[PDB]
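Q: Right, I'll just put the structure down here and ask away after.
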Amino acid sequence: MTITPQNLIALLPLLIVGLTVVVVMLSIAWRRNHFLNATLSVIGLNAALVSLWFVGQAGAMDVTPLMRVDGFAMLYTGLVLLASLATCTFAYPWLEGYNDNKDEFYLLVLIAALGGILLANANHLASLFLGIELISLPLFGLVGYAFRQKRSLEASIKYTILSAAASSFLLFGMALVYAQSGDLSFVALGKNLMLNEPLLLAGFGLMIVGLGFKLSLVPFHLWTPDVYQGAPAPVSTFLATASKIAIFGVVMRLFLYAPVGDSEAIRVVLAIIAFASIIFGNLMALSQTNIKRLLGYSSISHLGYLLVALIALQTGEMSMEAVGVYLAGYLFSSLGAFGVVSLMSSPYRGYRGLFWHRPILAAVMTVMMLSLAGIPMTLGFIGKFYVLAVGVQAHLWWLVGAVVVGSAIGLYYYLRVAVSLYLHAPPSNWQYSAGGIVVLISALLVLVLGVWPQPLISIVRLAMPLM
Amino acid sequence: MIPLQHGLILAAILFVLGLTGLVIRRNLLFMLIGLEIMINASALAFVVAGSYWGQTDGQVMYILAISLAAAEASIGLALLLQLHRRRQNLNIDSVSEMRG
Amino acid sequence: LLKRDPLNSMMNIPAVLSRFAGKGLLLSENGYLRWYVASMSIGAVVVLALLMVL
Amino acid sequence: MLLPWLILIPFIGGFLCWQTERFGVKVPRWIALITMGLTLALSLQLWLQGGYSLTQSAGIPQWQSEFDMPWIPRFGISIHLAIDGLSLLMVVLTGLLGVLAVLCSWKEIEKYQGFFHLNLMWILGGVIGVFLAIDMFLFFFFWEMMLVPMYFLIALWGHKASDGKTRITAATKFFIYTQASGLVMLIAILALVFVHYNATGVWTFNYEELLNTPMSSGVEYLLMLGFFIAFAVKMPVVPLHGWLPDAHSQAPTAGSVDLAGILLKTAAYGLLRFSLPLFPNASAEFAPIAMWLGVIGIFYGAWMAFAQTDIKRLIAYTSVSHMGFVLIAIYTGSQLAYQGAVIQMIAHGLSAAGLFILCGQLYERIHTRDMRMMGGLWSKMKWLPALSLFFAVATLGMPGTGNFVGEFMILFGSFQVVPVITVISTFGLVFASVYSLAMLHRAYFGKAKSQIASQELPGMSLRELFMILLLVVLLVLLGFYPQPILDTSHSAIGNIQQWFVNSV
Ligand SMILES: CCCCCCCCCCCCCCCCCC(=O)OC[C@H](COP(=O)(O)OCCN)OC(=O)CCCCCCCCCCCCCCCCC
C-alpha cells in the first residue's frame, strides 16, 4: 500500500501544522520577533482549522497502517486546535512580560498541537505512543518555560520524571501486548482468541497505568495540582484542555476498535478507577485556597466522569456522543476559567472581589464555575446529563451514585469560588482585549449551548466513525 | 529455539530494577539513569516480541523508544543543570515547596 | 432536648465525613517526587493484581 | 399559547430591570411592578377564560391549554407546557406573591438593585415554569434553574446583621440539598425514559407518553423513591429539612426572597402531578411511610417552632409543620383530602407571606429579631401587632381563614382513609396552637425586655398596610367562601385521584 494524493488531502491539518512549525522555526532563526512568530502560529492553526472542511469533504479513510481519519478524528482535531489557539491567545499578553526569549513558546505549542492531531488520527499502537510523547515533550518545555521561577522548575522536573516513568510503563505494556498478539494495529488486539489471557491483560493494565497518568486518573493523579500550579497559566490551559482531549480520544479509539474492550476484568478495574477518581478528585478540592490546584482536582473529577461515560461504550451506542458533548463543554469551561486566570496573571512579573475592578472577567469566571458544577443553563450540565444517561442505560449504579456525590462536592467548592468573586476585597492593549473576547465567547457559547444544546448534538453525532 | 518467556522475564527484571533505582535513589542523576534503564528494558521487550514473530515492528518500536530516550535524557539533563545552577545541589526531596 | 435540631446534625454528618476524608486525602499530596513514583508503582501493582484475580 | 409568554415575561421583565438600571435607581422597581402586574393579569385572564367551574373529569391527561415546541429532538425533548385547574391556581398564587415580593422591597435605594430584581423575576419565572411544564426534562430544568438566583440572592443580598460566612453557608446548604435532590430526580427520570424506550422504542420525555409504561415492582418503587426524595427535600420533609430555617433566617431582610422563592411549594404539586400518576402502585405501597413522615414532620416542626428564639426561624418551622399536614394529605387517595391539600397550600402561602412581611417590618422597626429582646409591643406600634395577631391566629388553623378549611378537609379525607394518623395530626394542630400562642406572647405581649422596645416606634406606611390588608381580606374570603377555589381545581384533582385509585 502506498500514499495517494487523497491521503495527503486527508492529511491536511498534520501537514499544515508541520509546515508552520518549520516556518516559525525559520522566522525565529531569521530574527527574534515575538509578534511575527505569534501571528504565524495563529495563522497556521487557523489554516488547519479551515482545512478540516476539506478533510471532511474528502471522506473517512485509513491513511497509513498507522492513521485513520473520520469524523471522530475531525472532531478531536478541531477541539485540540481550538485549545491551541486559545493557548496562544492567552500566552501572548503573558509573554509580553517575559524578560527572556518569547518565541519558543509558540513553536512548542504548535508541536504539541501536532501531537494532539496525530493522537486524534491514531489507529495504531506506534501512532498512539508517538502521539503521547509528542504531547508530553513540548509540555515539558512549556511547563518549565519560566525556569527562573521556582515553582515552574518544580513542576517541570516532576512532570518530566513522572511522564518518562509513565511512558516506560506504557511502552512495556505495549511490548507485552505485541508479544501476545503479534500485530500493533488497533483492530487486531486479541483477534486470535477465551478473551482473557494474563499477558494481554497485564499489557493492557500497564497501558492503562500510562494513560491514567496522562488523564490524571487515581492513583496516578498526584502530579496534577502540582504541575497545574507550577506551570504558567496558558500552559495550564493547554494541559487542562488539549492534552486531556487528545489522550482521552485515543483511549476511546483503542477501547472501541479493539475486541479487548468486551473483557469484564478491564471494565471492572476501569469502574474502580473511575469511582476512585471522581470521589478523590472532588474530595481533594474541598479546602483548596489556590485556584490552580482546585482546577487540577476538577480535571481529575471530570476525567472520572469521562471514564464513567467510556465504560459503557460496549453496551450502549450513545456513549461516544456523550463523551464528545462532555469534552466540548469541558473544553469551553476550562478555556474560560483558565483564560480568566491567565488574564489576571498577565503580564508575567518575576480573585476575591474581582467584580469591583474587572466585572466582565468575574462574570465569565462565575459562568464557568456554574458550568463546571453541572448546573443547568450551561454546557457542563448537558455533559453530566449525557454521562448519567449513559451510566443509567448500561446499569452502572455505583458510578452514577459517585457522580451525584462528586457533583454535590463540586457544587460546594465551585459555588464558594463563585460567591468569593463577588465579596468585598480589603491590559489597555488589543491582545489582552482579544483574550477577553475569547473568554467572553467561551462563556456565551456555554450559556447558549446550555439553553439550546441541539446544534452541538447534531455536530457531534455527525462526527461518526466506522462502527 | 530460545523461549520468548525468558526474554520477557529478562526485560521485566531490568524494568523493575530501573524502577527500583528510580524510587530509592535521591540524586536526580540516578533517577535519570533509572529512567534510561526502564526505557531500555521496554525497548528490549519490544525487540524480543518482534523477534518471536519474525517482524521488523519490534525493531522500529525500539528505534522510536530510543529516540524518545535520547530526547527525554537531553531534556532531563537540561532541567537537572538548571536545578544545580539555581540550587547548588541535586537533592530531589527538597523539591517539595508545592503541597496541599 | 430538640432545640438543637438533632435531625439537622444527623444529616450534616456526611458533610463532616466528606471534610475529614478530603483533609485525610490531602496529606498524600506532600509534594515529593519519589513518593509520586512509588505511588505510581503501587497503583500499577494494584491494577495488575485486580486484573489477575479476575 | 399564553403559557410560553406566561413564563417569558418575568424573564424579559428581569432583563429590563437590569438594563434600565442606568436610567436611575428608582426605575427597575417600577418595571418589575409593571411586569408582575402583567403576569398576574394574564394568569387571571386564563382563570376567567378556562371555564374551570363547569369542567368535568375526562381522565388523565386533561389539559385546559397546552403548548408544544421541539427543544432537543434527539431525545424527544420538547418545550411542552400545559395548564389545568391546579396549575392555574398555583400560577395565580405565584403572580400574587411575586407582586407582593416586588412591593415588599420598594424601599431599597441601593446601588445594584437591578440585578436583585433580575434574580427575583428569574426565580419567579422558574417557579412558574415548574408549575406549567409537564415535559420531564423541562420540568427538571426549571426546577434547578430557579435555584441559582436563590443562592445568589441569599448569599449576596441576604441578612445584613449576619456575617458573610453564615449567609454563604446557608445558601450553599440550600443549594447542595436542592440540587442533589434534583440530580436523583434526574436519575429517576432517565431510568423511567430508558424503561419506556425498552418497552416501546421511541424517545419520549413527555409526561403523557410515560404514563403508559409497564414497570415491574421494585423498579417503579425506586423511581418513586427518587421522586419522593426530591419532593421531600423541597417540601421539606424530615430529616431532609435543615436547609429551610437556615435559608429563611439568612434571606434578605426585606422578605421578598421568602415569598417569591420558597413560600410556593412546588414539591406538593410535583407529588400530585408526577409522583402519584406515574407511580400509582409504588405510591400506594409507600403511603404508610410517607404519612408517618408527615406525622413526624408536623410534631417535629411544632417542637422546633416552640423552641426558637428567632421569629423567622419559627415561621420556617410553621412551614415545616403545615407541609407535613399536606404530605399526609397527598398519600391518602381521597377527593376531599386532595382538595383540602390544595386549599391548605394556598392558605399557608398567604398566611406565611403575611407573617414574613410583618416579621421583616418588625425587624426594620426594632433592628433585632431575637424574641428575648422584645415584649409588650402592642402599645408601641399602630398596626403591626394586630395584623401579626391575625396571621398567627390564621396559622393555627382558625375558621374564617382558609387554613382551617384546608386542614379540616385534609383530616376528613384522611379519617375516611386512615383514622390514627388523623387523630395524631389533630393533636399536631393542638401543638400548632401552642407554638402560635408562644410566639404571640413572647413577641408582642408582656413588658419591655430591652430599651428598643421601651420607646414609641414609627407606624407602617400606606403601601405595606395596603398589601397586608389585601392578604388579610384574601385569607378571610378563602376561609368563608372557598367554593370558587374548590371548583377551579375540581377537575384535575379528580383526574389524579381517579388515576391513583383506579389502577390499584
Ligand atoms: C434520603 C437519604 C438518601 C438519599 C439522599 C439524596 C441526596 C439529597 C438529599 C440529602 C442531601 C444532604 C446534603 C448534606 C450537606 C448539606 C450542606 C452542608 O451541610 O454544608 C456544610 C458545609 C459547608 O458549610 P461551612 O460551614 O461553610 O463549611 C465548613 C468549613 N470548612 O459543607 C462542607 O464543608 C462540605 C460539603 C460537601 C458537599 C456536601 C456533602 C455531600 C456528600 C454526599 C451526600 C449524598 C447523599 C447521602 C445520603 C444522605 C445522607 C445520609
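The way I read the labels, and the way they are meant: chains A, B, ... in the order of the C-alpha cells, residue 1 as the first residue of every chain, and ligand 1 as the first ligand shown, with later ones counted on from there.
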Output the contact residues of chain D with respect to chain A at a cut-off of 6 Å, based on only C-alpha atoms, as JSON, numbers by chain.
A: {"D": [72, 145, 176]}
Q: Within 6 Å of ligand 1, counting only C-alpha atoms and all ligand atoms: which residues, as a list in words?
A: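 Final answer, ordered by chain and number: residues 405, 408, 409 and 412 of chain A; 11, 12, 14, 15, 18 and 19 of chain C; 169, 173, 176, 177, 180, 181 and 229 of chain D.
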Q: Produce a file of the selected residues containing N, CA and C atoms, as a PDB file, in the first residue's frame.
A:
ATOM      1  N   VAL A 405     -22.592  12.243  44.119  1.00  0.00           N
ATOM      2  CA  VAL A 405     -21.866  12.693  45.311  1.00  0.00           C
ATOM      3  C   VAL A 405     -20.768  13.687  44.932  1.00  0.00           C
ATOM      4  N   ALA A 408     -22.192  17.031  44.027  1.00  0.00           N
ATOM      5  CA  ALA A 408     -22.514  17.830  45.211  1.00  0.00           C
ATOM      6  C   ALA A 408     -21.268  18.493  45.804  1.00  0.00           C
ATOM      7  N   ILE A 409     -20.163  17.748  45.890  1.00  0.00           N
ATOM      8  CA  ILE A 409     -18.935  18.327  46.441  1.00  0.00           C
ATOM      9  C   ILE A 409     -18.386  19.419  45.519  1.00  0.00           C
ATOM     10  N   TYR A 412     -20.270  22.534  46.015  1.00  0.00           N
ATOM     11  CA  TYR A 412     -19.803  23.281  47.181  1.00  0.00           C
ATOM     12  C   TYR A 412     -18.604  24.161  46.841  1.00  0.00           C
TER      13      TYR A 412
ATOM     14  N   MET C  11     -28.176  14.770  59.439  1.00  0.00           N
ATOM     15  CA  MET C  11     -27.968  14.953  58.009  1.00  0.00           C
ATOM     16  C   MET C  11     -26.733  15.784  57.677  1.00  0.00           C
ATOM     17  N   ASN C  12     -26.150  16.481  58.652  1.00  0.00           N
ATOM     18  CA  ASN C  12     -24.875  17.162  58.467  1.00  0.00           C
ATOM     19  C   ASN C  12     -23.680  16.266  58.763  1.00  0.00           C
ATOM     20  N   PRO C  14     -22.685  13.495  57.042  1.00  0.00           N
ATOM     21  CA  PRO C  14     -21.858  13.215  55.853  1.00  0.00           C
ATOM     22  C   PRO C  14     -21.073  14.410  55.331  1.00  0.00           C
ATOM     23  N   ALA C  15     -21.474  15.645  55.639  1.00  0.00           N
ATOM     24  CA  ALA C  15     -20.615  16.787  55.334  1.00  0.00           C
ATOM     25  C   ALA C  15     -19.329  16.737  56.152  1.00  0.00           C
ATOM     26  N   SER C  18     -17.199  14.019  54.644  1.00  0.00           N
ATOM     27  CA  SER C  18     -16.545  14.486  53.425  1.00  0.00           C
ATOM     28  C   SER C  18     -15.367  15.399  53.739  1.00  0.00           C
ATOM     29  N   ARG C  19     -15.533  16.305  54.711  1.00  0.00           N
ATOM     30  CA  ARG C  19     -14.434  17.185  55.106  1.00  0.00           C
ATOM     31  C   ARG C  19     -13.262  16.395  55.676  1.00  0.00           C
TER      32      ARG C  19
ATOM     33  N   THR D 169     -22.808  29.946  53.964  1.00  0.00           N
ATOM     34  CA  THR D 169     -23.052  28.585  54.434  1.00  0.00           C
ATOM     35  C   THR D 169     -24.513  28.184  54.259  1.00  0.00           C
ATOM     36  N   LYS D 173     -25.746  25.289  51.723  1.00  0.00           N
ATOM     37  CA  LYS D 173     -26.500  24.146  52.230  1.00  0.00           C
ATOM     38  C   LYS D 173     -27.800  23.963  51.457  1.00  0.00           C
ATOM     39  N   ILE D 176     -26.902  22.745  47.849  1.00  0.00           N
ATOM     40  CA  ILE D 176     -26.443  21.359  47.819  1.00  0.00           C
ATOM     41  C   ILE D 176     -27.617  20.410  48.005  1.00  0.00           C
ATOM     42  N   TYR D 177     -28.484  20.703  48.986  1.00  0.00           N
ATOM     43  CA  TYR D 177     -29.672  19.885  49.226  1.00  0.00           C
ATOM     44  C   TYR D 177     -30.558  19.812  47.989  1.00  0.00           C
ATOM     45  N   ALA D 180     -28.761  18.238  44.748  1.00  0.00           N
ATOM     46  CA  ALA D 180     -28.581  16.793  44.858  1.00  0.00           C
ATOM     47  C   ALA D 180     -29.912  16.062  44.724  1.00  0.00           C
ATOM     48  N   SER D 181     -30.978  16.628  45.298  1.00  0.00           N
ATOM     49  CA  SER D 181     -32.299  16.039  45.111  1.00  0.00           C
ATOM     50  C   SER D 181     -32.765  16.151  43.664  1.00  0.00           C
ATOM     51  N   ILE D 229     -37.693  11.657  47.153  1.00  0.00           N
ATOM     52  CA  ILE D 229     -36.548  12.292  47.799  1.00  0.00           C
ATOM     53  C   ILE D 229     -36.418  13.739  47.337  1.00  0.00           C
TER      54      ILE D 229
END
Q: Compile the contact shell of residue 38 of chain C as a list in words: residues with an atom at most 12 Å away, counting only C-alpha atoms, same-chain residues fewer than 3 positions apart removed.
A: residues 162, 165, 166, 219, 220 and 222 of chain A; 16, 19, 20, 21, 22, 23, 24 and 25 of chain B; 28, 32, 33, 34, 35, 41, 42, 43, 44 and 45 of chain C
Q: So which one's closest to residue 17 of chain B, B:40, B:88, B:82, B:56? Using only C-alpha atoms, please.
A: B:40
Q: With 8 Å as the limit and counting only C-alpha atoms, what residues in chain A lie close to chain B? Please list them as a PyMOL selection string.
A: chain A and resi 126+130+133+137+140+147+151+153-154+156-157+160-161+164-165+168-169+171-172+174-176+178-179+182+226+230+288
Q: May I have the residues from that selection written out with N, CA and C atoms, as a tab-separated table (two decimals), in the first residue's frame?
A:
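Saved result, out-v8.tsv, follows:
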chain	number	residue	atom	x	y	z
A	126	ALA	N	1.88	2.26	17.58
A	126	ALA	CA	3.03	3.14	17.37
A	126	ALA	C	2.60	4.60	17.28
A	130	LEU	N	3.70	7.51	19.93
A	130	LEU	CA	4.36	8.71	19.40
A	130	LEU	C	3.53	9.96	19.68
A	133	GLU	N	4.00	10.87	23.42
A	133	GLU	CA	5.29	11.51	23.66
A	133	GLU	C	5.37	12.89	23.03
A	137	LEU	N	6.45	16.02	25.47
A	137	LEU	CA	7.74	16.72	25.43
A	137	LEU	C	7.62	18.24	25.29
A	140	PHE	N	6.80	19.42	28.56
A	140	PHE	CA	7.98	19.58	29.40
A	140	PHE	C	8.62	20.93	29.18
A	147	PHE	N	11.73	29.10	34.01
A	147	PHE	CA	12.56	28.30	34.91
A	147	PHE	C	13.26	29.13	35.97
A	151	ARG	N	8.64	27.52	41.22
A	151	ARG	CA	7.53	26.57	41.08
A	151	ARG	C	7.44	26.01	39.67
A	153	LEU	N	10.03	25.43	37.69
A	153	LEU	CA	11.08	24.41	37.64
A	153	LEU	C	10.67	23.16	38.40
A	154	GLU	N	10.00	23.33	39.55
A	154	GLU	CA	9.50	22.19	40.31
A	154	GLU	C	8.52	21.36	39.49
A	156	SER	N	8.19	21.36	36.24
A	156	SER	CA	8.87	20.79	35.07
A	156	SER	C	9.61	19.51	35.43
A	157	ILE	N	10.35	19.52	36.54
A	157	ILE	CA	11.09	18.33	36.96
A	157	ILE	C	10.13	17.20	37.30
A	160	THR	N	8.41	15.90	34.07
A	160	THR	CA	9.34	15.18	33.20
A	160	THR	C	9.66	13.80	33.74
A	161	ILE	N	10.01	13.70	35.03
A	161	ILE	CA	10.36	12.41	35.62
A	161	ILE	C	9.15	11.48	35.62
A	164	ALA	N	8.17	10.43	32.01
A	164	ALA	CA	9.11	9.45	31.48
A	164	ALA	C	8.87	8.07	32.10
A	165	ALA	N	8.57	8.03	33.40
A	165	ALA	CA	8.23	6.76	34.04
A	165	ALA	C	6.95	6.17	33.48
A	168	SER	N	7.62	4.77	30.05
A	168	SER	CA	8.27	3.47	30.17
A	168	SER	C	7.27	2.38	30.53
A	169	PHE	N	6.35	2.67	31.45
A	169	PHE	CA	5.30	1.72	31.81
A	169	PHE	C	4.42	1.38	30.61
A	171	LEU	N	5.14	1.72	27.41
A	171	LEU	CA	5.90	1.02	26.39
A	171	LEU	C	6.13	-0.44	26.76
A	172	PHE	N	6.35	-0.73	28.05
A	172	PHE	CA	6.49	-2.12	28.46
A	172	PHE	C	5.18	-2.89	28.29
A	174	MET	N	2.88	-2.12	26.10
A	174	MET	CA	2.81	-2.25	24.65
A	174	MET	C	3.62	-3.43	24.14
A	175	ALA	N	4.83	-3.60	24.67
A	175	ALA	CA	5.68	-4.71	24.24
A	175	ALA	C	5.09	-6.05	24.65
A	176	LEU	N	4.51	-6.12	25.85
A	176	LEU	CA	3.84	-7.36	26.28
A	176	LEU	C	2.63	-7.67	25.41
A	178	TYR	N	2.23	-6.70	22.26
A	178	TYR	CA	2.74	-7.12	20.95
A	178	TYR	C	3.31	-8.53	20.99
A	179	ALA	N	3.91	-8.93	22.12
A	179	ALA	CA	4.34	-10.31	22.27
A	179	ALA	C	3.17	-11.27	22.31
A	182	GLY	N	0.93	-10.08	18.28
A	182	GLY	CA	1.74	-10.10	17.08
A	182	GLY	C	1.42	-9.03	16.07
A	226	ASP	N	0.14	19.92	41.49
A	226	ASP	CA	1.49	20.49	41.50
A	226	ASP	C	1.87	21.02	40.12
A	230	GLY	N	2.42	24.96	39.23
A	230	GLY	CA	3.75	25.42	38.88
A	230	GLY	C	3.84	26.00	37.48
A	288	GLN	N	-9.29	23.74	49.14
A	288	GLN	CA	-8.24	24.32	48.31
A	288	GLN	C	-8.44	25.83	48.21
Q: If we count only C-alpha atoms and set the cut-off at 10 Å, which residues sit around residue 296 of chain A, ignoring sequence neighbours fewer than 6 positions away in its own chain? Please answer as a list in words.
A: residues 216, 221, 222, 223, 224, 225, 226, 227, 228, 229, 236, 239, 240, 281, 284, 285 and 302 of chain A
Q: Taking C-alpha atoms for each residue, export the selection above as an mmCIF file, in the first residue's frame.
A:
data_model
loop_
_atom_site.group_PDB
_atom_site.id
_atom_site.type_symbol
_atom_site.label_atom_id
_atom_site.label_comp_id
_atom_site.auth_asym_id
_atom_site.auth_seq_id
_atom_site.Cartn_x
_atom_site.Cartn_y
_atom_site.Cartn_z
ATOM 1 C CA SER A 216 -4.898 12.431 35.810
ATOM 2 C CA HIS A 221 -3.198 11.760 39.785
ATOM 3 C CA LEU A 222 -0.823 13.256 42.369
ATOM 4 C CA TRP A 223 1.081 15.297 39.770
ATOM 5 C CA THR A 224 -1.979 17.263 38.641
ATOM 6 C CA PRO A 225 -2.297 20.032 41.306
ATOM 7 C CA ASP A 226 1.486 20.491 41.496
ATOM 8 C CA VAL A 227 2.074 20.624 37.733
ATOM 9 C CA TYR A 228 -1.037 22.779 37.243
ATOM 10 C CA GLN A 229 0.088 25.294 39.883
ATOM 11 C CA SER A 236 -2.113 25.189 32.487
ATOM 12 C CA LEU A 239 -2.539 20.914 29.704
ATOM 13 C CA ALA A 240 -6.104 21.044 31.032
ATOM 14 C CA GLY A 281 -10.768 14.498 42.892
ATOM 15 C CA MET A 284 -9.368 16.852 47.474
ATOM 16 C CA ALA A 285 -10.666 20.254 46.288
ATOM 17 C CA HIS A 302 -14.159 15.461 35.121
#
Q: Residues of chain A within 7 Å of chain C, counting only C-alpha atoms, what are they? List them as a JSON list (two decimals) with N, CA and C atoms, in the first residue's frame.
A:
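The resulting iface_18.json:
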[["chain", "number", "residue", "atom", "x", "y", "z"],
["A", 158, "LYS", "N", 9.07, 17.51, 38.06],
["A", 158, "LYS", "CA", 8.10, 16.49, 38.45],
["A", 158, "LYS", "C", 7.40, 15.89, 37.24],
["A", 162, "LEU", "N", 7.99, 11.98, 36.06],
["A", 162, "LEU", "CA", 6.81, 11.14, 36.16],
["A", 162, "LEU", "C", 6.30, 10.71, 34.78],
["A", 198, "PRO", "N", -3.49, -13.79, 30.61],
["A", 198, "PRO", "CA", -2.77, -12.91, 31.55],
["A", 198, "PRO", "C", -1.77, -11.96, 30.92],
["A", 201, "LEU", "N", -3.73, -9.07, 29.31],
["A", 201, "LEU", "CA", -4.34, -8.30, 30.39],
["A", 201, "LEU", "C", -3.31, -7.45, 31.12],
["A", 202, "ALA", "N", -2.12, -8.00, 31.38],
["A", 202, "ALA", "CA", -1.07, -7.23, 32.04],
["A", 202, "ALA", "C", -0.56, -6.10, 31.15],
["A", 205, "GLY", "N", -3.09, -3.48, 31.24],
["A", 205, "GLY", "CA", -3.03, -2.82, 32.53],
["A", 205, "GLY", "C", -1.91, -1.80, 32.61],
["A", 206, "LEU", "N", -0.75, -2.11, 32.03],
["A", 206, "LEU", "CA", 0.35, -1.15, 32.05],
["A", 206, "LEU", "C", 0.07, 0.04, 31.13],
["A", 209, "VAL", "N", -2.10, 2.15, 33.10],
["A", 209, "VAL", "CA", -1.31, 2.94, 34.04],
["A", 209, "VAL", "C", -0.76, 4.19, 33.36],
["A", 219, "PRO", "N", -4.89, 6.00, 40.82],
["A", 219, "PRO", "CA", -3.93, 6.69, 41.69],
["A", 219, "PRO", "C", -2.67, 7.19, 41.00],
["A", 220, "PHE", "N", -2.81, 7.70, 39.79],
["A", 220, "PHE", "CA", -1.71, 8.34, 39.06],
["A", 220, "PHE", "C", -2.03, 9.81, 38.85],
["A", 222, "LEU", "N", -1.45, 12.37, 41.39],
["A", 222, "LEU", "CA", -0.82, 13.26, 42.37],
["A", 222, "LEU", "C", -0.03, 14.39, 41.72],
["A", 265, "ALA", "N", -12.92, -7.91, 33.08],
["A", 265, "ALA", "CA", -11.95, -7.52, 34.10],
["A", 265, "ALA", "C", -11.46, -6.09, 33.88],
["A", 266, "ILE", "N", -11.20, -5.73, 32.62],
["A", 266, "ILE", "CA", -10.77, -4.37, 32.31],
["A", 266, "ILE", "C", -11.89, -3.37, 32.60],
["A", 269, "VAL", "N", -11.94, -2.97, 36.49],
["A", 269, "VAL", "CA", -10.87, -2.12, 37.02],
["A", 269, "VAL", "C", -11.03, -0.68, 36.55],
["A", 283, "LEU", "N", -13.18, 15.29, 46.56],
["A", 283, "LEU", "CA", -12.90, 15.49, 47.98],
["A", 283, "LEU", "C", -11.62, 16.30, 48.19],
["A", 284, "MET", "N", -10.65, 16.18, 47.29],
["A", 284, "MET", "CA", -9.37, 16.85, 47.47],
["A", 284, "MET", "C", -9.46, 18.36, 47.25],
["A", 286, "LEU", "N", -11.93, 20.34, 48.39],
["A", 286, "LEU", "CA", -12.84, 20.95, 49.35],
["A", 286, "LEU", "C", -12.21, 22.17, 50.01]]
Q: Could you tell me which residues of chain D sit within 8 Å of chain C when counting only C-alpha atoms, and give me the result as JSON, numbers by chain?
A: {"D": [238, 239, 240, 241, 242, 303, 304, 307, 308]}
Q: With C-alpha atoms retained, write the just-selected residues as a PDB file, in the first residue's frame.
A:
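Printed below is part_28.pdb as written:
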ATOM      1  CA  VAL D 238     -37.894  15.490  57.934  1.00  0.00           C
ATOM      2  CA  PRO D 239     -34.982  14.764  58.225  1.00  0.00           C
ATOM      3  CA  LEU D 240     -34.458  16.490  54.856  1.00  0.00           C
ATOM      4  CA  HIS D 241     -35.416  19.880  56.259  1.00  0.00           C
ATOM      5  CA  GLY D 242     -32.281  21.561  57.644  1.00  0.00           C
ATOM      6  CA  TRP D 303     -41.387  21.233  68.741  1.00  0.00           C
ATOM      7  CA  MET D 304     -38.819  23.330  66.865  1.00  0.00           C
ATOM      8  CA  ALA D 307     -38.200  26.366  70.945  1.00  0.00           C
ATOM      9  CA  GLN D 308     -36.890  29.030  68.527  1.00  0.00           C
TER      10      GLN D 308
END
Q: Name the residues in contact with residue 121 of chain D at a cut-off of 7 Å, using only C-alpha atoms, excluding same-chain residues fewer than 2 positions from it; report them as a short mmCIF file (atom, residue, chain, number, x, y, z; two decimals) with N, CA, C and O atoms, in the first residue's frame.
A:
data_model
loop_
_atom_site.label_atom_id
_atom_site.label_comp_id
_atom_site.auth_asym_id
_atom_site.auth_seq_id
_atom_site.Cartn_x
_atom_site.Cartn_y
_atom_site.Cartn_z
N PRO D 10 -41.78 37.29 32.95
CA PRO D 10 -40.84 37.53 34.06
C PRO D 10 -39.38 37.62 33.65
O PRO D 10 -38.65 38.47 34.18
N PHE D 11 -38.92 36.80 32.70
CA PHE D 11 -37.52 36.86 32.29
C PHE D 11 -37.21 38.14 31.53
O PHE D 11 -36.18 38.78 31.78
N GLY D 14 -37.19 40.94 34.08
CA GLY D 14 -35.94 41.00 34.83
C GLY D 14 -34.79 41.54 34.02
O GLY D 14 -33.97 42.32 34.52
N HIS D 117 -33.51 42.64 41.29
CA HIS D 117 -34.79 42.41 40.63
C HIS D 117 -34.68 41.37 39.53
O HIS D 117 -35.61 40.58 39.35
N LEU D 118 -33.57 41.34 38.80
CA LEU D 118 -33.39 40.33 37.75
C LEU D 118 -33.40 38.93 38.33
O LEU D 118 -34.06 38.03 37.80
N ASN D 119 -32.69 38.72 39.45
CA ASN D 119 -32.70 37.42 40.11
C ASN D 119 -34.07 37.09 40.67
O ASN D 119 -34.49 35.92 40.65
N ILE D 123 -36.24 33.85 39.53
CA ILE D 123 -36.86 32.90 40.46
C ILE D 123 -38.33 32.71 40.14
O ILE D 123 -38.84 31.58 40.09
N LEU D 124 -39.04 33.83 39.90
CA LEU D 124 -40.47 33.78 39.63
C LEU D 124 -40.78 33.06 38.32
O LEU D 124 -41.71 32.25 38.25
N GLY D 125 -39.99 33.32 37.27
CA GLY D 125 -40.17 32.60 36.02
C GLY D 125 -39.84 31.13 36.14
O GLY D 125 -40.50 30.29 35.51
#
Q: For residue 88 of chain D, which residue among D:314, D:389, D:362, D:44 is the nearest when counting only C-alpha atoms?
A: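 Checking each candidate against residue 88 of chain D, we get D:44 as the closest.
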Q: Run DSSP on the backbone and grab whatever in chain C lands in helix (DSSP H, G or I); send it over as number ranges by chain.
A: C: 6-28, 33-53
Q: When you look at residue 142 of chain A with a cut-off of 9 Å (counting only C-alpha atoms), what residues show up, excluding the ones that are within fewer than 3 positions of it in the same chain? I need them as a PyMOL selection string.
A: chain A and resi 104-105+108-109+137-139+145-146+156+231-232+235
